[PDB]
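One chain follows as structure tokens, the form deposited in one PDB entry.
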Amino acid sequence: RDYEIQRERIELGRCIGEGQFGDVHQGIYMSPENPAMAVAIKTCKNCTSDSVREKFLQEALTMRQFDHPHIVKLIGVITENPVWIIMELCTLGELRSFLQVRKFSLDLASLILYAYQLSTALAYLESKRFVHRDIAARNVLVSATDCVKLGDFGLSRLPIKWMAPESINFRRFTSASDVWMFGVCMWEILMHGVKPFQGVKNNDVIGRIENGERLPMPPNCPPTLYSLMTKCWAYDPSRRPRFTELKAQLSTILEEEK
């Protein structure tokens, strides 16, 4: 309907991060007669200028296009300076940090759930023929112990250690290259938020990948799941599963593990 939001309904709280345009805050959106809603608020430092402001607001319009359980939904915008983008809060924060500290509290079944949930989101985006370009555990947020979501697409934006070979060599970015990225993210999750190619330099990654080196099997990851990953890492983009195939396969792998 109308995504314009009155500023007086928003109560800005603590900073939770930074993006290219300004800090990101959590906060509350209040409405007469209805419960308070937790939100995240992107602020923009340089919005007075029309060119920055139009770049900033284009990020809300990008999120406006999507409607899916496992992608953050846009709530509204405030267009009067300072300009703010209001999104839904995932109140448990970023996936990686969540995974490091909740290691002894989650099982393998939970981790495969996250991968299945992210795949539904990414298939959805594949059916809309949208190309993310920045899949990585660092860009996934936690709404509940059983619910993760792709974060704000604008806050997600070279991520050499996540990128397909064609992405690095030719700046080609397709749904197939998203499938590669997703496999690195899936590895990250079975690794509880460990980063790929820790200690390796960015300019050497493409060589190690050209030679055929691949991220190893994570401790206590089922072989059928790692098999799935290595297929996302096929050098030939044509031989990488589509997100619809990944969703179906992960659904089976989850069913078996639970």
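Don't overthink the numbering: it's just position in the shown sequence, from 1. The term rigid core refers to the maximal set of C-alpha atoms that superpose within 1.5 Å between the two forms.
Keep in mind that the form deposited in another entry is missing from the display, and what follows is about it.
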Q) After superposition on the rigid core, does the Cα atom of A36 shift by at least 2 Å between the shown form and the other one? A) yes
Q) Any chance the CA of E80 moves 2 angstroms or more between the shown form and the other one, core superposed? A) yes
Q. Out of closer and farther, which fits the Cα atoms of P35 and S143 in the other entry compared with this form, where the change is 3 Å or more?
A. farther
Q: Please say whether the CA atoms of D146 and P35 come closer or move farther apart in the other entry, knowing the change relative to this form is 3 Å or more.
A: farther
